[PDB]
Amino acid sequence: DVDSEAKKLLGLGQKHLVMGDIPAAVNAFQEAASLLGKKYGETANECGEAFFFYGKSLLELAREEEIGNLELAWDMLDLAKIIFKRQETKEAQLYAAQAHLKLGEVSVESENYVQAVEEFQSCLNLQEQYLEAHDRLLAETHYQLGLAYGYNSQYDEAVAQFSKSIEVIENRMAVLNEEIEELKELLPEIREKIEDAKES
């Protein structure tokens, strides 16, 4: 019953994450995470997935009480990150990678870049650890990492991350031969970021 209601609450929550309703998503996760931590304990890993999505909606809701949302989003992402860092499976580790991704993005909006690049460097370590050479998640993080650098005035290092990201797209554009439209139109986003990065 608790396990049953919680899983759909996570469903309806991400279904508010498509709907565009941010607070509703946030509260779907609050109680969901509330039910899990109150049943299994705040240490238990069965809280992790709800913990992640909880810390995920609060980040979206952060857009002048933003830092407060930054607090709780950081905590839940940090709780989920160690819940996953414990489990030695592929899924949980990549979930800790995703947790590190969001942690890093929680830092750039926090304008805490030094830690942001770190969490992106951490997410990349675990993705690289596990994913394959032509996986779109590597470009999901190289890109992110380049901008965070740009935000930190490390413009040369920023461009390089961008290049690794675009190359991740181009190389998967080879086995896709023997989503091609989808890659074509998000390449302009990165080239614009490239031309602007060291331009400063």
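Numbering starts at 1 and follows the sequence shown.
Continuity check for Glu178 and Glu179, given as deposited residues lacking coordinates between them: In the deposited sequence, 10 or more residues between these two have no coordinates.
Chain break class for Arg63 to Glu64, judged by how many deposited residues have no coordinates: In the record, 10 or more residues between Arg63 and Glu64 lack coordinates.
Given 143 to 151 and 169 to 177, the range whose Cα B-factors average higher in the PDB entry: Between 169 to 177 and 143 to 151, it is 169 to 177 that shows the higher mean C-alpha B-factor.
Stretch with the greater mean C-alpha B-factor as recorded in the entry, comparing 9 to 17 against 179 to 187: Mean C-alpha B-factor is greater for 179 to 187.
CA B-factor ranking of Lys102, expressed as a third of its chain: Its C-alpha B-factor, which the entry lists for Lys102, ranks in the lowest third among residues of this chain.
Record-listed C-alpha B factor of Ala50: chain third: Answer is lowest: the recorded C-alpha B-factor places it there.
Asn69 - which third its CA temperature factor falls in, relative to the rest of the chain: It falls in the top third of the chain.
Modelled-residue ranking by C-alpha temperature factor, third containing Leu35: Middle third - that is where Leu35 ends up once the chain's C-alpha B-factors are sorted.
Chain-relative CA temperature factor third for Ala44: Middle third.
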